[PDB]
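Input: a single structure, listed below in structure tokens.
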Amino acid sequence: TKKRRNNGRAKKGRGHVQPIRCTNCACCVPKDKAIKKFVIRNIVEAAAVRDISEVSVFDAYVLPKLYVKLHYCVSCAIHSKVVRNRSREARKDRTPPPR
Amino acid sequence: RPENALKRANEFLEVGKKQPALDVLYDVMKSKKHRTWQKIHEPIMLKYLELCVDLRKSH
Amino acid sequence: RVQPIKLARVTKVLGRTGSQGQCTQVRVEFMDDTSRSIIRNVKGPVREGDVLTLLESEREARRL
Amino acid sequence: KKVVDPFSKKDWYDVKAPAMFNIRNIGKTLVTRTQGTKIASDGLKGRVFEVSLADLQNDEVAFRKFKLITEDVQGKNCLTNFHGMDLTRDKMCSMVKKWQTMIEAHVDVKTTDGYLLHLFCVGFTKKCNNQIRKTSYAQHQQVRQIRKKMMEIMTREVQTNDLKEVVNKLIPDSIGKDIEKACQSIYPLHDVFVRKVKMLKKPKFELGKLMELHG
Amino acid sequence: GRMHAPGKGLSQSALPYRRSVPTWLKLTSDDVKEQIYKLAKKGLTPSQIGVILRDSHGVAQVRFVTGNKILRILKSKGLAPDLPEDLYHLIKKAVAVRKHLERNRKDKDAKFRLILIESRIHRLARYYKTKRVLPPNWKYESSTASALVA
Amino acid sequence: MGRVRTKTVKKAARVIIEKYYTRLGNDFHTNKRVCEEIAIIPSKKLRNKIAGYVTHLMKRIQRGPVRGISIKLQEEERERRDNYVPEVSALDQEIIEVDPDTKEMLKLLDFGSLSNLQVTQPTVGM
Amino acid sequence: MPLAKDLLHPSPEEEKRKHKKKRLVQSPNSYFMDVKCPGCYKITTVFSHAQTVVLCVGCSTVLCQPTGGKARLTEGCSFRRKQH
Amino acid sequence: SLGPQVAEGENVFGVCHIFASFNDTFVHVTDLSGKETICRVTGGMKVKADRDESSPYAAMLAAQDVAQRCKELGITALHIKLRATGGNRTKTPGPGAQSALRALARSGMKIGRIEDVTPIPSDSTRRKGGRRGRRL
RNA sequence: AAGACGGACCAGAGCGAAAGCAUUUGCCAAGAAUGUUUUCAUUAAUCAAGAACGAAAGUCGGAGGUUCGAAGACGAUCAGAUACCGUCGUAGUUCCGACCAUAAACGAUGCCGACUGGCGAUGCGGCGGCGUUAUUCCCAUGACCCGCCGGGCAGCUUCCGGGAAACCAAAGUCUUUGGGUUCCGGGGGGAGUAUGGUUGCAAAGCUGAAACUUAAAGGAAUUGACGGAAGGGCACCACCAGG
């Protein structure tokens, strides 16, 4: 049987799609069958900002943000626990956890 | 607020009728932006920007 | 590269961590500049307050 | 195996923004001593200075990295000319977001000066006054049409208003709002932002204008 | 059931139950046919004639005005399109793909649709060959496709 | 950490409270000797845990009814305070601003009131 | 519904909301209108879903703006089917 | 070639061009054009370890020695140019990016401005790896 | 400079018969939806044959080779790795014109038509609104909201019904057994092998067995147990610090 209904993510309204590698394993998975991830993150992360912002002189400019769109293969999403094993009743859930 | 009065620094340098159209709408924004008491620097700031309001024949 | 010894007192134990839960997370506020608050770890068992003789604030001792 | 002391051989060159920037002297660069045994005039006047506006204007912004070719170095002073302004990555990828129509416009447009410029743009949609849709899209027909006005006004204002006046339009996006306003009867367009300025042609004949840029 | 076309929607109108349409201004047979015979002189399809009979005039169709429809009027006149007008646009559809196929030897869409359009022709035109509408000895052909449209 | 109170103390102490809330107090050696007097506990140490948890309960229940145990002197007094009169269910909302369809329901009920208006900035509810 | 109803004469909104070929009695609601625009000196019969221009001679080139849906009007007019 | 007019008292800017990558963290400050670098110091210049060249502690050694020679040579302030690998690659900086900027802040080189300098393709040319890759 | 590719935007979305389709822009004819008192007057349906198309690698011949990269080889990996790994790299990838005709071309799910339940979206077109926004001097625009219509993508939801269950408004209206038309299976193998046909340049593709072998094969689901599956707690027969 279908262990997954959407099989990672559905491909309905699309006969065929483009594939993607893993961002950390370079493994070929389809675009709408993989795990995507946006990352909005400071370039000035909290290890340095206690010393950067004090030496940031002539700097009334706000902290910049890095914008990274990640895409994993399923094999390196699970072992790294980007996604992980949930119950099959939880496998119905299309819900991403909040950031 | 070191940038809001310094908005109109380059708003006024880059002029040509798009900016005095825009710069009225900046000062519409700049008024309740940083919703504070007009202490001194807002009589410094807003009396440059409300001055820039009344100059340009605004709304 | 090189920096002198900093006496940062414990403000708060932040936990007992590590593989065995024995590496004591500690908020050592800098004790000299009251805005600087660094976070280091302690190998041994600490009850709070005691001035920890940080030879460095570099190589930041964080969660493990 | 081999090190030198080249800091007995560098000369400081006062990097000058034009006088349409209220900070002209951007900074100083220890350029290696331009001479017969060591020619460095090409790494002096071929210097493109990639500086953000904060040290250029005196501060409306601290993004928007202008590229600055030095048309003439005049006595330890790198009197720069404009090359290409940006909207750099943190400012640039902030506006990029899912569930909007990302609207783009690349143009290649000659200045009234002798400079061919490229101008690439970006645009985005809004969730309007009463909109309950999560996203913000339209028909692709409106998507094509907004790009046509966006290329049009961008080719227009840079064909006019010779190179330094292109610099003196686009910091609050003089091309920007009119693309929103002319489309506001169709779509009011919360973003128009010209981002990639690439100088395609750069003749040095504006040395008097370089003295009009500066001083 | 549509194997002739991939559609599942609607291209056809509704018609009211009454044969007395519109019963406020029923412009006569002479009103519609002298318009029709001028439009037959102008040479429009009944699909095009019946639209301009509908919207311009005070009447909608000639099946409510007369007993005959337009092609029935055109047959009773004798001045009628010698191929069915819907079949004529079917043959018109194939030439437009074929010329486009004559332009693009790479448009694989135009290679597939020209099969189905002519298959829609070969199932339609065959029927008119039977009932003495098309001559049955005549047969559709890509040579005769552009010949009938031109 | 340890010797936390199981089912046997709490179930036994609950019956003791609701019957003896006068003769129970907050002193242990009272309530330990009261649980000598009023209860048959097969150990002194069990009586220590019961009557001590009675002192735990009596301190709680003299702050009113706490969760998991209540006395009808406290319970019915809630109902005696639940004679509360908030209205007369006639404000008067005689003619005031109501919905225009409630007005139309009032039109079907022949009284009428002031009607809401202005479908404006839709969704009405957003 | 409680799945027990019979509407031999239903309300005229549940058929009238349907498509014209999806009705209980399939008769369209598209109709003729009579155009009172002053661009013509006359009143000209135009179908609702006209799909095409309808003009006159009392006007030169405008009596209606065409529309594949119900036809676009200029300056306001009357309209009457009449009797569909 | 000492400083321009003084080596302290003015903010004559150098630009960081810190190519923070995996297995090295280059701290490599140029002139404002970029053509003329000073202080060719890698993160593994200080600790040639070949597994710790991008590590935070070795970059603190690397950035501060650059930060030493910058304020030695009249460059007293730095525009932060913290670069990842960039391009059609992993485009992710190493661990020697947080501590080293903190280190040069502790060293004394001023920071006026912070801006992102990482290049990303439009999905350009092909990536290293076959279909399977390192299978997990 | 080279050649590659348009990320992110980019979705239970669109279009397209599928195989499919992500820079702009243009050309080209196409196709869907919708609306349609237009027209044809039933022309309809489904489908052996037959035909188109049909990923990829392969091959045919080039360009192309930036990038990568079966092979290939090391560096490392392991008892063994040729593998993963690191390095370099051939064919290939790139693309043209050919073959190929295959794919898990999978939705593991004939077509068409009918009938049987609740909701909320979204792409689309048309419509309903003292709806908002929006421009010109405002309308007519459009953005958008509520509503509707469809044909969508689908989703959620319920003794709708079924099903071995899994699940499914279809995998319902079946023993109360019949809409129509096409396709296919008769326990498990041997075996798509043999055999011949057959194509393809080949690679291979297609049609398609027997001897013999067997009382089980299979499917869901329950329950354990296991995991170099994952998430919880505790013991100095477990650690730590230790003696």
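Protein chains in written order, with PDB author numbering: chain k, 2 to 100; chain 1, 7 to 65; chain l, 5 to 68; chain i, 19 to 233; chain Z, 2 to 151; chain e, 1 to 126; chain Y, 1 to 84; chain j, 16 to 151. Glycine included, every Cβ here is placed at the ideal spot set by N, Cα and C.
Range covered by the alpha helix (DSSP H) that runs through residue i
i                       : result
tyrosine 53 (chain e)   : 44-61
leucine 75 (chain Z)    : 71-78
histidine 9 (chain Y)   : Unbroken run through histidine 9 (chain Y): none, as it is neither H nor E.
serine 48 (chain Z)     : 47-56
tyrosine 21 (chain e)   : It is not in any alpha helix (DSSP H) - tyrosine 21 (chain e) carries neither H nor E in the DSSP assignment.
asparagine 45 (chain l) : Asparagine 45 (chain l) -> not in any alpha helix (DSSP H); beta strand (DSSP E) instead, spanning 41-46.
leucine 149 (chain Z)   : 143-150
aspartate 131 (chain j) : Segment 129-131 is the beta strand (DSSP E) holding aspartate 131 (chain j); no alpha helix (DSSP H) there.
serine 37 (chain 1)     : 24-38
Among the options, the one whose alpha carbon lies nearest that of residue i
i                          : options                                                               : result
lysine 63 (chain j)        : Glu51 (chain j), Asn26 (chain j), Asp39 (chain j), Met75 (chain j)    : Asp39 (chain j)
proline 19 (chain j)       : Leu48 (chain i), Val69 (chain i), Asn95 (chain i)                     : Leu48 (chain i)
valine 17 (chain l)        : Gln26 (chain l), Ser61 (chain l), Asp37 (chain l)                     : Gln26 (chain l)
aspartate 126 (chain i)    : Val91 (chain i), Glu89 (chain i), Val212 (chain i)                    : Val212 (chain i)
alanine 74 (chain j)       : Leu88 (chain j), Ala92 (chain j), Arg55 (chain j), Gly89 (chain j)    : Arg55 (chain j)
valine 21 (chain i)        : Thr105 (chain j), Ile53 (chain j), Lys86 (chain j)                    : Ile53 (chain j)
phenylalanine 28 (chain j) : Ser48 (chain j), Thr100 (chain j), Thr133 (chain j), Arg142 (chain j) : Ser48 (chain j)
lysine 128 (chain i)       : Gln177 (chain i), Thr143 (chain i), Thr98 (chain i), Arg82 (chain i)  : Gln177 (chain i)
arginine 150 (chain j)     : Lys66 (chain k), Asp94 (chain k), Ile79 (chain k), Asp60 (chain k)    : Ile79 (chain k)
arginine 80 (chain Y)      : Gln26 (chain Y), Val46 (chain Y), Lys18 (chain Y)                     : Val46 (chain Y)
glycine 76 (chain Y)       : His84 (chain Y), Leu63 (chain Y), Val25 (chain Y)                     : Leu63 (chain Y)
Continuous beta strand (DSSP E) stretch holding residue i: start and end
i                     : result
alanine 92 (chain j)  : 90-98
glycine 141 (chain i) : 134-141
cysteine 96 (chain i) : 95-102
Buried or exposed (CB count within 10 angstroms, at least 16 for buried), residue i
i                        : result
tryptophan 117 (chain i) : exposed
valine 45 (chain k)      : buried
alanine 95 (chain Z)     : buried
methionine 60 (chain j)  : buried
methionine 51 (chain 1)  : buried
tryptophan 30 (chain i)  : buried
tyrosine 155 (chain i)   : exposed
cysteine 28 (chain k)    : buried
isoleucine 92 (chain Z)  : buried
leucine 115 (chain Z)    : buried
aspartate 191 (chain i)  : buried
residue 1 (chain Z)      : Lying outside 2 to 151, the shown extent of chain Z, residue 1 (chain Z) is not represented and no answer is given.
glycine 141 (chain i)    : buried
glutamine 75 (chain i)   : buried
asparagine 45 (chain l)  : buried
Helix, strand or coil at residue i [DSSP, three-state]
i                       : result
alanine 35 (chain j)    : strand
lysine 13 (chain k)     : coil
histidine 72 (chain k)  : strand
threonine 102 (chain e) : helix
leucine 28 (chain Z)    : coil
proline 98 (chain k)    : coil
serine 114 (chain j)    : helix
Paired residues, beta bridge with residue i - DSSP
i                       : result
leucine 67 (chain k)    : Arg42 (chain k)
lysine 16 (chain l)     : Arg31 (chain l)
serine 81 (chain k)     : Answer is none; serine 81 (chain k) lacks a bridge partner.
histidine 124 (chain i) : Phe138 (chain i)
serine 115 (chain e)    : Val98 (chain e)
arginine 174 (chain i)  : BP columns for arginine 174 (chain i) are empty, so no partner.
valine 30 (chain j)     : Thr45 (chain j), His94 (chain j)
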